[PDB]
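Student: Just dropping this structure here.
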Amino acid sequence: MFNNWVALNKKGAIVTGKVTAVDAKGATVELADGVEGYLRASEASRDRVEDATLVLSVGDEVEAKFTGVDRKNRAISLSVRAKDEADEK
């Protein structure tokens, strides 16, 4: 995914990942070439409770915000939303 990309492609952008594996608080979403980003417990929707939450499954993809990368793991952290930091600021 991103591991190659850091040289061509920068953070603050939106990337689509696919649901596939779980963390205790988490979903590790498949972002390709082996590596995963982050997906939150809400899954997606559009607003609140269930929207899209009934029609996206494990192996199906949603658009998340490209937040930051951890230097030690050499991978990307995704926040599920699209914009994230555009609520009031």
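We name chains A, B, ... following the order of the structure tokens; residues begin at 1 in each chain, and ligands are numbered from 1 as shown.
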Using DSSP on the backbone coordinates, identify all residues within chain A classified as helix (DSSP H, G or I); present the result as a ChimeraX atom specification.
Tutor: /A:2-5,52-54
Student: Would you pick out the contacts of residue 55 in chain A at 12 Å or less, using only C-alpha atoms, so that residues sharing its chain but fewer than 3 positions from it are not included, and give the list as a list in words?
Tutor: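 Skipping anything fewer than 3 positions along the chain leaves residues 43, 44, 45, 46, 50, 51, 52, 58, 59, 60, 61 and 62 of chain A.
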Student: Between CA of residue 41 in chain A and CA of residue 71 in chain A, what is the spacing in Å?
Tutor: 24.6 Å
Student: Find the residue from A:64, A:9, A:88, A:77 that sits nearest to residue 38 in chain A; use only C-alpha atoms when measuring.
Tutor: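 Nearest candidate to residue 38 in chain A out of A:64, A:9, A:88, A:77: A:77.
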